[PDB]
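Asker: One structure is given below, represented as structure tokens, and several questions about it will come after.
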Amino acid sequence: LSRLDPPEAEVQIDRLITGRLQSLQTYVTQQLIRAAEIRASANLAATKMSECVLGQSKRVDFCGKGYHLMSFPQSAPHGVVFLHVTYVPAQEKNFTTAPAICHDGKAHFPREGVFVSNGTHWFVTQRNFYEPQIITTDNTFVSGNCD
Amino acid sequence: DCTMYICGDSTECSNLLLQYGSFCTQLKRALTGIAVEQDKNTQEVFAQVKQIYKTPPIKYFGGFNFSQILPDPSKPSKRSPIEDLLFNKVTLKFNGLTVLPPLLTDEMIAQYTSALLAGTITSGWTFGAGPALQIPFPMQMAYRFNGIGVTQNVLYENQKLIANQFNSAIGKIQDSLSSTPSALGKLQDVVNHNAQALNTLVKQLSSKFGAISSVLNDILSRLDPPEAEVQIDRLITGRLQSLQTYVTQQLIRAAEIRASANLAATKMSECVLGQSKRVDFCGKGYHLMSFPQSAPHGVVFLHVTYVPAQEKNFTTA
Amino acid sequence: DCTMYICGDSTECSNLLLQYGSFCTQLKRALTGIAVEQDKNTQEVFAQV
Amino acid sequence: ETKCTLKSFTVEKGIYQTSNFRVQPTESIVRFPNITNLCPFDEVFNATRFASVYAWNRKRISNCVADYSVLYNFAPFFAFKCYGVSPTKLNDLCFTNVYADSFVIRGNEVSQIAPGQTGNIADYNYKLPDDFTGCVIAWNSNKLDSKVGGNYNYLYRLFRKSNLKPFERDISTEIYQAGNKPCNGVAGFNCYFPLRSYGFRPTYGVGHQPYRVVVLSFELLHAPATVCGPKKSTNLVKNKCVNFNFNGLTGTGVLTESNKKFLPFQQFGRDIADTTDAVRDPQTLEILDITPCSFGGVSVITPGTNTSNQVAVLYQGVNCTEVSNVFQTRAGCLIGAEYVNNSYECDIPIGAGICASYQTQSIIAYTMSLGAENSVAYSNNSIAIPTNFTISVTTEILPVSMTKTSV
Amino acid sequence: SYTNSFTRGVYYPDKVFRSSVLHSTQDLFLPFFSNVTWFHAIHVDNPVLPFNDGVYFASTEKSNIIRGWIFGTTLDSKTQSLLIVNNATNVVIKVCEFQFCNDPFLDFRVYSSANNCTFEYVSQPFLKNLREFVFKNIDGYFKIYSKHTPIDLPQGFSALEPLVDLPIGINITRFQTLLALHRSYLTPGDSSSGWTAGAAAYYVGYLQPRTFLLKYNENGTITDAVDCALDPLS
Ligand SMILES: *[C@@H]1O[C@H](CO)[C@@H](O)[C@H](O)[C@H]1NC(C)=O
Ligand SMILES: *[C@@H]1O[C@H](CO)[C@@H](O)[C@H](O)[C@H]1NC(C)=O
Ligand SMILES: *[C@@H]1O[C@H](CO)[C@@H](O)[C@H](O)[C@H]1NC(C)=O
Ligand SMILES: *[C@@H]1O[C@H](CO)[C@@H](O)[C@H](O)[C@H]1NC(C)=O
Ligand SMILES: *[C@@H]1O[C@H](CO)[C@@H](O)[C@H](O)[C@H]1NC(C)=O
Ligand SMILES: *[C@@H]1O[C@H](CO)[C@@H](O)[C@H](O)[C@H]1NC(C)=O
Ligand SMILES: *[C@@H]1O[C@H](CO)[C@@H](O)[C@H](O)[C@H]1NC(C)=O
Ligand SMILES: *[C@@H]1O[C@H](CO)[C@@H](O)[C@H](O)[C@H]1NC(C)=O
Ligand SMILES: *[C@@H]1O[C@H](CO)[C@@H](O)[C@H](O)[C@H]1NC(C)=O
């Protein structure tokens, strides 16, 4: 506006405006795409907050890798960190397993857990912790014969 | 590469394109970000297991038959007949447009799929929540039936019928997938869209963009430098816009593929690595187990569903 | 419609737009894809039964 | 180069793309069709008998390649004067028509054949236009057009009512009515014959001997040009990307033999992407396919200046047979690293299942390991029951909001 | 008369090779299934036909019935007109500004009284004996497409090859066909002729600017062609 005359600088100003508008439309598009990405991430984070912190979920790896127990949130200038408490089994041992037990001509199945055997012995245990208990009628039910 | 896409073998064209700014500096950066994101999406669904598991040599799990999902030692490529059928059905040098192959090839994804299959068949769900625990397959089926409310007696008694039904379903699913040619549509549409976008971006070089000709040499060998610097600018702006819109389409499709891959990884973790109580998240009906299968650009989940039938009327109180 | 939105009732304008390449083709293809997607999204929630 | 691309001084560990590798062509070839239709310049300059000055012999030249060099096969001519054009660059242009006007004149009248000049020849016999863009050649012909007795066959007009127009011919033999006396076809007082004869004899000096003058005038009307200069030619190149200029089709690439049988009316072929893929040779009937030579992208796999400075180069999507341990992969070809046979944990991704790292020494390259190996014994009468528990903590970081900005 | 041209009137739009691909181009073609004029009963009452956008000359002549062609603007004095005369083993193509009579004829080359020549383009001669020609003039280049195929227009497909192209541009608005007879009728300005000979029929069809989709096979020849304002499927 100080070197060239008005009627010949109008085209230059128009080209500059076109360039600066084309460089800004792309920025707005990138901002929209990143805003949609952040919206999806925030929806996922809110879902995890509701299903992990405000209660216990039965999902596998939605509230941590393993068996989820609880979750603690922590803030961050642009996000949230979830600390998931996971119960992991360890120190497993080999045992003999059987579907049912046939006694008195009737095939009895365990209510909760399975029958474990360590050699000429049979007990009932759960599926997450080894607790040998005698095979009684409380933890077993008859459902026919072993035919 | 904007130095070659917009300017075909010209130094003054590159000098004028460098004057436009750093459009290429962010375009090639967004493209590399898309590439890294696509290479990472292949590790959140197939690379969930830490240790590779193998199948026992004795192929007798209790009455079931998994010959169609386990890798076949006859074929050199370690894949299953279902993976071979899915691989033989997905139909797959320029002016600066290159294609980079993915990190995980079709063999490593196959090994991850085989490891996940071994973990979900031999160990059940303990391979995805800690140390692997050995357990017979019929007892795993009894666990999965008791998890939804059905007693274990119907499985321990009618085991042969369930095994025969599972074998019939595994044998019929191949014919069902081979009957409809549009079964592998979600994996072919993305490849078709990518091919069409690439072909269009290459073909749009022949467009005049308002100039006399599309090739810079013809412009610069038929006019004068002061009269052949605005005709080159038209082509430069046209190709820059055609590349910017292409980068925008690639970003949108990459976001869509990222969402799809996140959903697929969630389904892999909640259906293959354990049993879920969701209604139609691991198949339509009562979910029991899920088997993954690789594909050059995706994953196919085979969900085993137990459905009641032959109901009868009774009085309730 | 590219022919009417940009080149309304002008044959010369349509001939000038024709040399711009397949921008209009890809635009209408994306619009048809959006339409098909919007018509399909109404069948994954209400047409489950 | 990586520091210049990233605009920093302490680069991190990873692979970074900086520039692209391009093979520059060594030579440049240009092949145009044969030169067949040589315009009849020999029959104009080396004719058997030239015409008079007033009846200057005019010949039209069109639809033929004009070789402006055959004009200098003999060379004593003193007047090779070109007006409006340069005698050297005559082969760098094309015109629609070439008019050749030949005539014999005296030696002192050679300078009169020029735009603007006047006299006794270029006033009533053969006048040149003012804006004449052409070439006037003139050479002595004493040995051919001089008789001892006298060569009185060449005539010239001396008297006329008014001057002529540019490129005008007058062949009238009417008596010049000089005075008011009406001439009755007889010669005498105030009634002179306009056409006189030349007394060409070998005994003349250097100013009155017969001189043959040809005038080549170029016409460049809006009609398409059919008279172009002689096109040059070169040799062919094999297994090397050079610059080809086949009959207007210009490009850069390797011209390799193939079996793409073309049709007799077509010269080149375009692929599905409208890119030129094959082109005929303008000299021999043989199809040549155009192929891009070594082209791709260079990437520096640097472990970061924090550890060391030894970097490795990677050419992506291009074989490294043409233009530090060279190793060919499925995702490209890397130099500066040695291919290790033991699979470790992937650190720097490369592609196709190959990753680089620092062994500690030099950059390595190994097939990435998918994990450990553990095969449990599957038995229908054995189970693994846990005994102990472990309470672990897992971190999961997720962004929520963004930076609110406005322009 | 008036007949229909089902699937004929196609040619190569440009001198480029293509292999097993589809190419859509907006060129000047003859619309498929159109109303073309079949003048079989006009044995030289033969007015000259216009030359707006080119002509499609189809000939099923027995043997050497067509002797040449004339393409003028007004066929008057000082009017550039391109004449082509096909002899036994040579062809003569010239552009003459001379006036022509109503029906020029060859009997041995007396067509008209006036004579004035500007350019000449002699070359190789052009001519179950179907002979198709497509004559057009764009960008000052008079192009001809020739094809000689065995067999009325059948339901087959045959492309036209750009044999000859002349760098000359005239406002061609006339069209004259040249027959042959043995009655020995001299033409010092004659306006009528006629002789019992074989079947003589010259098809005339005007071209139109349309978009055509051509399929090129592995050999690079046109086998399938689709118009774009004929049927909804097209
Ligand atoms: C169970 O026995 C197998 C085979 O001997 C062995 O590999 C495995 O480690 C054993 N499990 C435990 C928990 O010791
Ligand atoms: C198996 O475990 C029970 C539980 O303590 C024990 O009483 C029994 O002796 C064990 N069996 C053998 C063979 O040691
Ligand atoms: C599984 O099925 C395949 C093909 O039907 C058969 O070849 C194989 O023997 C079967 N395996 C078992 C254990 O039944
Ligand atoms: C139960 O009774 C209703 C009413 O008659 C009938 O429609 C229905 O089919 C019956 N259910 C079965 C399983 O037969
Ligand atoms: C050009 O001339 C050379 C040498 O006479 C010959 O080998 C070649 O075939 C000619 N080219 C054509 C197209 O006739
Ligand atoms: C460099 O290494 C030191 C030592 O481990 C570390 O403290 C520092 O954060 C590293 N810096 C970068 C940029 O990696
Ligand atoms: C590179 O060239 C070598 C030598 O011919 C060949 O063995 C190898 O397969 C080539 N690699 C690629 C990716 O083309
Ligand atoms: C062609 O035109 C003539 C005269 O205009 C008419 O009689 C004839 O029906 C037309 N044929 C077709 C197929 O339109
Ligand atoms: C007439 O035909 C003869 C026979 O080939 C040929 O030699 C001659 O050049 C032709 N003349 C004209 C004027 O076409």
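Ordering of the structure tokens sets the chain letters (A, B, ...), residue numbers begin anew at 1 in every chain, and ligands are numbered from 1 in the order given.
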Taking only C-alpha atoms and all ligand atoms into account, report as a list in words which residues have an atom no farther than 6 Å from an atom of ligand 9.
Answerer: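 Selection of residues at most 6 Å from ligand 9: residues 85, 87, 88, 89, 90, 91 and 92 of chain E.
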Asker: Neighbours of ligand 6 at 8 Å or closer, counting only C-alpha atoms and all ligand atoms: which residues, as an MDAnalysis selection string?
Answerer: chainID D and resid 10:13 304 306:307
Asker: For ligand 4, return the neighbouring residues as a list in words (distance at most 10 Å; only C-alpha atoms and all ligand atoms).
Answerer: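 The neighbouring residues of ligand 4 are, in order, residues 309, 310, 311, 312, 313 and 314 of chain B.
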Asker: Ligand 1: which residues are within 9 Å, counting only C-alpha atoms and all ligand atoms, as a list in words?
Answerer: residues 91, 92, 93, 94 and 95 of chain A; 133 and 134 of chain B; 375, 376, 377, 382, 383, 384, 385 and 386 of chain D
Asker: Enumerate as a list in words the residues within 10 Å of ligand 3, counting only C-alpha atoms and all ligand atoms.
Answerer: residues 58, 59, 60, 61, 62, 63, 64, 65, 66, 67, 68, 167, 168, 170 and 171 of chain B
Asker: Those same residues - N, CA, C and O atoms - I'd like them written as a short mmCIF file (atom, residue, chain, number, x, y, z; two decimals), in the first residue's frame.
Answerer:
data_model
loop_
_atom_site.label_atom_id
_atom_site.label_comp_id
_atom_site.auth_asym_id
_atom_site.auth_seq_id
_atom_site.Cartn_x
_atom_site.Cartn_y
_atom_site.Cartn_z
N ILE B 58 -1.27 -83.81 20.11
CA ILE B 58 -2.47 -84.64 20.02
C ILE B 58 -3.66 -83.74 19.71
O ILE B 58 -4.03 -82.87 20.51
N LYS B 59 -4.28 -83.95 18.55
CA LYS B 59 -5.42 -83.15 18.12
C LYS B 59 -6.73 -83.80 18.55
O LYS B 59 -7.61 -84.13 17.75
N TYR B 60 -6.86 -83.99 19.87
CA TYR B 60 -8.05 -84.57 20.48
C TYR B 60 -8.37 -83.76 21.73
O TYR B 60 -7.82 -84.01 22.81
N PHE B 61 -9.25 -82.77 21.58
CA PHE B 61 -9.61 -81.89 22.68
C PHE B 61 -10.81 -82.38 23.48
O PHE B 61 -11.15 -81.77 24.50
N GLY B 62 -11.46 -83.46 23.05
CA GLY B 62 -12.60 -84.00 23.77
C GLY B 62 -13.76 -84.36 22.87
O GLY B 62 -14.81 -84.81 23.34
N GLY B 63 -13.59 -84.15 21.56
CA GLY B 63 -14.65 -84.45 20.61
C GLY B 63 -14.81 -83.37 19.56
O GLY B 63 -15.40 -83.61 18.50
N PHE B 64 -14.28 -82.18 19.84
CA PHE B 64 -14.37 -81.08 18.90
C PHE B 64 -13.26 -81.18 17.85
O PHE B 64 -12.27 -81.90 18.03
N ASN B 65 -13.43 -80.44 16.76
CA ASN B 65 -12.49 -80.46 15.65
C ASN B 65 -12.19 -79.03 15.24
O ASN B 65 -13.09 -78.31 14.81
N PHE B 66 -10.93 -78.63 15.37
CA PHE B 66 -10.49 -77.28 15.05
C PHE B 66 -9.51 -77.26 13.87
O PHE B 66 -8.63 -76.40 13.81
N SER B 67 -9.67 -78.20 12.94
CA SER B 67 -8.75 -78.29 11.81
C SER B 67 -8.86 -77.09 10.88
O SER B 67 -7.91 -76.77 10.17
N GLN B 68 -10.01 -76.41 10.87
CA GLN B 68 -10.22 -75.29 9.97
C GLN B 68 -9.69 -73.98 10.52
O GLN B 68 -9.50 -73.03 9.75
N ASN B 167 -18.97 -78.96 15.13
CA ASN B 167 -18.27 -79.39 13.92
C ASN B 167 -19.08 -79.05 12.67
O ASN B 167 -18.52 -78.60 11.66
N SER B 168 -20.40 -79.25 12.72
CA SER B 168 -21.24 -78.91 11.58
C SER B 168 -21.23 -77.41 11.31
O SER B 168 -21.19 -76.98 10.15
N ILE B 170 -18.75 -75.30 12.07
CA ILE B 170 -17.43 -74.96 11.55
C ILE B 170 -17.31 -75.39 10.09
O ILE B 170 -16.66 -74.71 9.28
N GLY B 171 -17.93 -76.50 9.73
CA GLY B 171 -17.90 -76.94 8.34
C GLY B 171 -18.79 -76.12 7.43
O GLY B 171 -18.48 -75.94 6.25
#
Asker: Write as a count of residues only the residues around ligand 7, taking 10 Å as the cut-off and counting only C-alpha atoms and all ligand atoms.
Answerer: 12
Asker: Please return as a PDB file with N, CA and C atoms, in the first residue's frame the residues found within 10 Å of ligand 2, counting only C-alpha atoms and all ligand atoms.
Answerer:
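Printed below is result-v8.pdb as written:
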ATOM      1  N   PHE A  95      -2.979 -80.244  39.370  1.00  0.00           N
ATOM      2  CA  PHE A  95      -3.879 -81.131  40.093  1.00  0.00           C
ATOM      3  C   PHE A  95      -4.656 -81.964  39.083  1.00  0.00           C
ATOM      4  N   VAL A 116     -10.755 -81.322  42.764  1.00  0.00           N
ATOM      5  CA  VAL A 116      -9.311 -81.429  42.611  1.00  0.00           C
ATOM      6  C   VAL A 116      -8.828 -82.688  43.315  1.00  0.00           C
ATOM      7  N   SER A 117      -7.767 -83.278  42.770  1.00  0.00           N
ATOM      8  CA  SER A 117      -7.187 -84.497  43.309  1.00  0.00           C
ATOM      9  C   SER A 117      -5.672 -84.373  43.321  1.00  0.00           C
ATOM     10  N   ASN A 118      -5.060 -84.833  44.416  1.00  0.00           N
ATOM     11  CA  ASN A 118      -3.613 -84.789  44.586  1.00  0.00           C
ATOM     12  C   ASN A 118      -3.031 -86.176  44.836  1.00  0.00           C
ATOM     13  N   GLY A 119      -3.769 -87.231  44.499  1.00  0.00           N
ATOM     14  CA  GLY A 119      -3.309 -88.585  44.730  1.00  0.00           C
ATOM     15  C   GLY A 119      -4.121 -89.315  45.781  1.00  0.00           C
ATOM     16  N   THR A 120      -5.019 -90.196  45.332  1.00  0.00           N
ATOM     17  CA  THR A 120      -5.874 -91.000  46.213  1.00  0.00           C
ATOM     18  C   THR A 120      -6.708 -90.126  47.149  1.00  0.00           C
ATOM     19  N   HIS A 121      -6.963 -88.884  46.743  1.00  0.00           N
ATOM     20  CA  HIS A 121      -7.778 -87.963  47.521  1.00  0.00           C
ATOM     21  C   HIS A 121      -8.536 -87.056  46.565  1.00  0.00           C
ATOM     22  N   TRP A 122      -9.719 -86.620  46.992  1.00  0.00           N
ATOM     23  CA  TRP A 122     -10.558 -85.742  46.185  1.00  0.00           C
ATOM     24  C   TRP A 122     -11.198 -84.691  47.077  1.00  0.00           C
ATOM     25  N   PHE A 123     -11.106 -83.430  46.660  1.00  0.00           N
ATOM     26  CA  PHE A 123     -11.692 -82.319  47.396  1.00  0.00           C
ATOM     27  C   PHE A 123     -12.378 -81.385  46.409  1.00  0.00           C
ATOM     28  N   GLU A 131      -8.597 -74.155  47.847  1.00  0.00           N
ATOM     29  CA  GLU A 131      -9.116 -74.393  49.193  1.00  0.00           C
ATOM     30  C   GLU A 131      -9.701 -75.796  49.243  1.00  0.00           C
ATOM     31  N   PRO A 132      -8.928 -76.774  49.718  1.00  0.00           N
ATOM     32  CA  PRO A 132      -9.419 -78.161  49.761  1.00  0.00           C
ATOM     33  C   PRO A 132     -10.493 -78.328  50.826  1.00  0.00           C
ATOM     34  N   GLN A 133     -11.655 -78.826  50.409  1.00  0.00           N
ATOM     35  CA  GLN A 133     -12.771 -79.082  51.306  1.00  0.00           C
ATOM     36  C   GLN A 133     -13.363 -80.448  50.999  1.00  0.00           C
ATOM     37  N   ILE A 134     -13.869 -81.109  52.044  1.00  0.00           N
ATOM     38  CA  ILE A 134     -14.447 -82.433  51.871  1.00  0.00           C
ATOM     39  C   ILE A 134     -15.698 -82.348  51.000  1.00  0.00           C
TER      40      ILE A 134
END
Asker: For ligand 5, return the neighbouring residues as a PyMOL selection string (distance at most 10 Å; only C-alpha atoms and all ligand atoms).
Answerer: chain D and resi 32-36+281-285
Asker: So, counting only C-alpha atoms, which residue among B:42, B:180, B:315, B:153 is closest to residue 107 of chain A?
Answerer: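 With only C-alpha atoms as the atom set, the closest residue is B:153.
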Asker: Identify, on the basis of only C-alpha atoms, every residue whose closest approach to residue 24 of chain C does not exceed 9 Å; exclude the query and any residue fewer than 4 positions from it along the same chain; express the result as a ChimeraX atom specification.
Answerer: /C:1-3,20,28-29
Asker: Go ahead and write the residues just picked, N, CA, C and O atoms, as a CSV table (one decimal), in the first residue's frame.
Answerer:
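That gives us again-v4.csv:
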chain,number,residue,atom,x,y,z
C,1,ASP,N,-25.0,-30.0,-7.3
C,1,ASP,CA,-24.8,-30.2,-8.7
C,1,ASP,C,-23.8,-29.1,-9.1
C,1,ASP,O,-24.0,-27.9,-9.1
C,2,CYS,N,-22.6,-29.6,-9.6
C,2,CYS,CA,-21.5,-28.7,-10.0
C,2,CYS,C,-21.9,-27.9,-11.2
C,2,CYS,O,-21.6,-26.7,-11.4
C,3,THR,N,-22.7,-28.5,-12.1
C,3,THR,CA,-23.0,-27.9,-13.4
C,3,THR,C,-23.9,-26.7,-13.2
C,3,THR,O,-23.9,-25.7,-13.9
C,20,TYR,N,-11.1,-28.8,-15.0
C,20,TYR,CA,-10.7,-28.8,-13.6
C,20,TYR,C,-10.4,-30.2,-13.1
C,20,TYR,O,-9.9,-30.4,-11.9
C,28,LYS,N,-19.3,-35.5,-5.5
C,28,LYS,CA,-20.6,-36.1,-5.6
C,28,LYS,C,-20.5,-37.6,-5.1
C,28,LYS,O,-21.5,-38.1,-4.5
C,29,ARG,N,-19.4,-38.2,-5.3
C,29,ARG,CA,-19.2,-39.6,-4.8
C,29,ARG,C,-19.2,-39.6,-3.3
C,29,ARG,O,-19.8,-40.4,-2.6
Asker: Starting from chain B, keep only residues with some atom at most 6 Å from an atom of chain D, counting only C-alpha atoms, and report them as a PDB file with N, CA, C and O atoms, in the first residue's frame.
Answerer:
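Contents of out_1.pdb, freshly written:
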ATOM      1  N   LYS B  50       1.263 -61.635  25.629  1.00  0.00           N
ATOM      2  CA  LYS B  50       2.684 -61.376  25.826  1.00  0.00           C
ATOM      3  C   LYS B  50       3.563 -62.529  25.352  1.00  0.00           C
ATOM      4  O   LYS B  50       4.636 -62.293  24.786  1.00  0.00           O
ATOM      5  N   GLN B  51       3.135 -63.769  25.568  1.00  0.00           N
ATOM      6  CA  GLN B  51       3.903 -64.947  25.190  1.00  0.00           C
ATOM      7  C   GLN B  51       3.123 -65.762  24.167  1.00  0.00           C
ATOM      8  O   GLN B  51       1.904 -65.918  24.289  1.00  0.00           O
ATOM      9  N   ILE B  52       3.829 -66.274  23.164  1.00  0.00           N
ATOM     10  CA  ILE B  52       3.203 -67.066  22.110  1.00  0.00           C
ATOM     11  C   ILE B  52       2.943 -68.473  22.629  1.00  0.00           C
ATOM     12  O   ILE B  52       3.842 -69.125  23.172  1.00  0.00           O
ATOM     13  N   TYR B  53       1.712 -68.945  22.461  1.00  0.00           N
ATOM     14  CA  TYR B  53       1.327 -70.291  22.853  1.00  0.00           C
ATOM     15  C   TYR B  53       1.230 -71.193  21.628  1.00  0.00           C
ATOM     16  O   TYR B  53       1.031 -70.733  20.500  1.00  0.00           O
ATOM     17  N   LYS B  54       1.371 -72.495  21.866  1.00  0.00           N
ATOM     18  CA  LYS B  54       1.293 -73.493  20.812  1.00  0.00           C
ATOM     19  C   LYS B  54       0.240 -74.532  21.168  1.00  0.00           C
ATOM     20  O   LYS B  54      -0.142 -74.691  22.330  1.00  0.00           O
ATOM     21  N   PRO B 102       3.351 -52.250   5.758  1.00  0.00           N
ATOM     22  CA  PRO B 102       3.249 -52.231   7.220  1.00  0.00           C
ATOM     23  C   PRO B 102       4.381 -53.009   7.873  1.00  0.00           C
ATOM     24  O   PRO B 102       5.058 -53.830   7.250  1.00  0.00           O
ATOM     25  N   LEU B 103       4.580 -52.730   9.162  1.00  0.00           N
ATOM     26  CA  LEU B 103       5.627 -53.410   9.921  1.00  0.00           C
ATOM     27  C   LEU B 103       5.297 -54.887  10.102  1.00  0.00           C
ATOM     28  O   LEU B 103       6.069 -55.764   9.696  1.00  0.00           O
ATOM     29  N   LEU B 104       4.151 -55.182  10.709  1.00  0.00           N
ATOM     30  CA  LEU B 104       3.724 -56.561  10.927  1.00  0.00           C
ATOM     31  C   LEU B 104       3.208 -57.131   9.611  1.00  0.00           C
ATOM     32  O   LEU B 104       2.173 -56.693   9.099  1.00  0.00           O
ATOM     33  N   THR B 105       3.928 -58.108   9.063  1.00  0.00           N
ATOM     34  CA  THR B 105       3.528 -58.733   7.814  1.00  0.00           C
ATOM     35  C   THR B 105       2.384 -59.717   8.057  1.00  0.00           C
ATOM     36  O   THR B 105       1.874 -59.866   9.171  1.00  0.00           O
ATOM     37  N   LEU B 133      -3.263 -71.067  32.600  1.00  0.00           N
ATOM     38  CA  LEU B 133      -3.694 -72.195  33.416  1.00  0.00           C
ATOM     39  C   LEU B 133      -4.255 -73.274  32.501  1.00  0.00           C
ATOM     40  O   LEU B 133      -5.180 -73.015  31.724  1.00  0.00           O
ATOM     41  N   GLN B 134      -3.695 -74.478  32.595  1.00  0.00           N
ATOM     42  CA  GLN B 134      -4.166 -75.585  31.776  1.00  0.00           C
ATOM     43  C   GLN B 134      -5.526 -76.067  32.262  1.00  0.00           C
ATOM     44  O   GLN B 134      -5.787 -76.139  33.467  1.00  0.00           O
ATOM     45  N   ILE B 135      -6.400 -76.393  31.314  1.00  0.00           N
ATOM     46  CA  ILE B 135      -7.760 -76.827  31.623  1.00  0.00           C
ATOM     47  C   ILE B 135      -8.331 -77.565  30.416  1.00  0.00           C
ATOM     48  O   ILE B 135      -8.163 -77.107  29.275  1.00  0.00           O
ATOM     49  N   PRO B 136      -8.984 -78.710  30.610  1.00  0.00           N
ATOM     50  CA  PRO B 136      -9.600 -79.407  29.475  1.00  0.00           C
ATOM     51  C   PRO B 136     -10.678 -78.558  28.817  1.00  0.00           C
ATOM     52  O   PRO B 136     -11.342 -77.744  29.462  1.00  0.00           O
ATOM     53  N   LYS B 203      -4.134 -38.882 -11.626  1.00  0.00           N
ATOM     54  CA  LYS B 203      -4.741 -38.511 -12.901  1.00  0.00           C
ATOM     55  C   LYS B 203      -4.977 -37.009 -12.992  1.00  0.00           C
ATOM     56  O   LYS B 203      -4.931 -36.433 -14.085  1.00  0.00           O
TER      57      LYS B 203
END
Asker: Which chain A residues are at most 7 Å from chain D (counting only C-alpha atoms), as a list in words?
Answerer: residues 38, 41, 42, 45, 64, 78, 79, 80, 81, 82, 83, 84, 85, 86, 87, 88, 89, 90, 91, 92, 93, 94, 95, 96, 97, 98, 128, 129 and 130 of chain A
Asker: For residue 6 of chain C, find every residue with an atom within 12 Å (counting only C-alpha atoms), except residues of its own chain fewer than 4 positions away, and show them as number ranges by chain.
Answerer: C: 1-2, 10-18, 24
Asker: Go ahead and write the residues just picked, N, CA, C and O atoms, as a CSV table (one decimal), in the first residue's frame.
Answerer:
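Contents of again.csv, freshly written:
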chain,number,residue,atom,x,y,z
C,1,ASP,N,-25.0,-30.0,-7.3
C,1,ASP,CA,-24.8,-30.2,-8.7
C,1,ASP,C,-23.8,-29.1,-9.1
C,1,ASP,O,-24.0,-27.9,-9.1
C,2,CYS,N,-22.6,-29.6,-9.6
C,2,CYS,CA,-21.5,-28.7,-10.0
C,2,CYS,C,-21.9,-27.9,-11.2
C,2,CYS,O,-21.6,-26.7,-11.4
C,10,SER,N,-24.8,-21.7,-18.2
C,10,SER,CA,-23.7,-21.2,-18.9
C,10,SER,C,-22.9,-22.4,-19.5
C,10,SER,O,-22.3,-23.1,-18.7
C,11,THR,N,-23.0,-22.5,-20.8
C,11,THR,CA,-22.3,-23.6,-21.4
C,11,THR,C,-20.7,-23.4,-21.4
C,11,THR,O,-20.0,-24.4,-21.2
C,12,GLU,N,-20.3,-22.2,-21.6
C,12,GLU,CA,-18.9,-21.9,-21.6
C,12,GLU,C,-18.3,-22.1,-20.2
C,12,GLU,O,-17.2,-22.6,-20.0
C,13,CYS,N,-19.1,-21.7,-19.2
C,13,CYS,CA,-18.6,-21.9,-17.8
C,13,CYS,C,-18.5,-23.4,-17.5
C,13,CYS,O,-17.6,-23.9,-16.8
C,14,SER,N,-19.4,-24.2,-18.0
C,14,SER,CA,-19.4,-25.7,-17.8
C,14,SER,C,-18.1,-26.3,-18.6
C,14,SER,O,-17.5,-27.1,-18.0
C,15,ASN,N,-17.9,-25.8,-19.8
C,15,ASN,CA,-16.7,-26.2,-20.5
C,15,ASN,C,-15.4,-25.8,-19.7
C,15,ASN,O,-14.4,-26.6,-19.8
C,16,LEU,N,-15.4,-24.7,-19.1
C,16,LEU,CA,-14.2,-24.3,-18.3
C,16,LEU,C,-14.1,-25.1,-17.0
C,16,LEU,O,-13.0,-25.4,-16.6
C,17,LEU,N,-15.2,-25.5,-16.4
C,17,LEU,CA,-15.2,-26.3,-15.2
C,17,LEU,C,-14.7,-27.8,-15.6
C,17,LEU,O,-14.1,-28.4,-14.8
C,18,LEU,N,-15.0,-28.2,-16.8
C,18,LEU,CA,-14.7,-29.6,-17.2
C,18,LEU,C,-13.2,-29.8,-17.2
C,18,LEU,O,-12.8,-31.0,-17.0
C,24,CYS,N,-15.5,-32.5,-9.1
C,24,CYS,CA,-16.9,-32.6,-8.9
C,24,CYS,C,-17.3,-34.1,-8.8
C,24,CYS,O,-18.2,-34.4,-8.0
Asker: To check your reading of the model: which residues sit at most 7 Å from ligand 8 when counting only C-alpha atoms and all ligand atoms? Write the answer as number ranges by chain.
Answerer: E: 2-4, 34-35
Asker: I need the chosen residues saved as a CSV table (one decimal), in the first residue's frame, with C-alpha atoms.
Answerer:
chain,number,residue,atom,x,y,z
E,2,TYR,CA,-33.4,-42.8,-44.7
E,3,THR,CA,-32.0,-45.8,-42.8
E,4,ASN,CA,-30.5,-46.4,-39.3
E,34,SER,CA,-29.6,-42.2,-35.8
E,35,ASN,CA,-31.3,-41.1,-39.0
